[PDB]
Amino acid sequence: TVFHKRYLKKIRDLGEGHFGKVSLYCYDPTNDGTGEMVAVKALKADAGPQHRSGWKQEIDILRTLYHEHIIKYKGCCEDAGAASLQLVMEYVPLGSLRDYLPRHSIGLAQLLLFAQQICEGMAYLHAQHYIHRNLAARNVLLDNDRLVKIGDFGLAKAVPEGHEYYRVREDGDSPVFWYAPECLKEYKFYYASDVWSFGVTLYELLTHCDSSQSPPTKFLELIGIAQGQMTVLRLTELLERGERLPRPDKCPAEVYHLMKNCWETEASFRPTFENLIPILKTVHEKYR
């Protein structure tokens, strides 16, 4: 599917993705204003060959993904400037949960439904032999009060059929506070590593994405802000000692134990996304 730059009418900037920026456009070829609203992710004009290789990979992954809980791929636009492809995706009306939740007091049952939907989209992603590597509330988008979709796949990678993990590099932009100990220490990203990130995401939902309760805030309170290059090493140490993010206010005990099960040190002791779907359906049923 092809989109024309001449028919794209910019409304506002939505935010910063991974390789570039996301903007809100109205694709209006008729010029009457009845055109559809699109979210266009563009690669920055000054990006090197390393980011351009990863950007093409992001588009290839999104194109091959088709799920109700994964952001819909609409097409691509011919970007004459920067000489790259602009990723055209569906506009999710309510936005990220990190922005929506601190302003809208959402019930426990609805939060548990979102977690179930995240697991539904993630199990499909894993069945397609892909890892997300960036599962967080800022990347989970809301369509309506009952529908959730996974948005940013900038760090998503394909795990080969034979292998069970993917070896990662030493990067500054890595969401370390959402990462399992095997990602920080051995630089290995398993399917079980995404489950750890879900637990951290579930923690964010229960806190209603309160920035003073966020994982970088709580972990740096335990690490300390003056530890040189040893922030990640100190983070690895406390996780090895069994220290975890605290139980959120008004969060049920069994739900916190499920969060702690997603946060098991040994990756094999962690439930798969397919294991979490019947569980979260039952948990949501109890609180609805």
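Each residue number is its position in the shown sequence, starting from 1.
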| query | finding |
| --- | --- |
| Residue stretch of maximal mean CA temperature factor, 169-177 vs 208-216 | 169-177 |
| Segment of higher mean CA temperature factor, 4-12 or 277-285 | 4-12 |
| Candidate residues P29, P246, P252, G242, the one whose C-alpha B factor the record puts highest | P29 |
| Top Cα B factor in the deposited entry, candidates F153, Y187, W196, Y190 | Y187 |
| Position of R146 among the chain's modelled residues by C-alpha B-factor, lowest, middle or highest third | highest |
| Ranked C-alpha temperature factor of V40 among modelled chain residues, by third | middle |
| Record-listed C-alpha B factor of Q57: chain third | highest |
| Within-chain third of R63 by Cα B-factor, per the entry | highest |
| Ranked C-alpha temperature factor of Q50 among modelled chain residues, by third | highest |
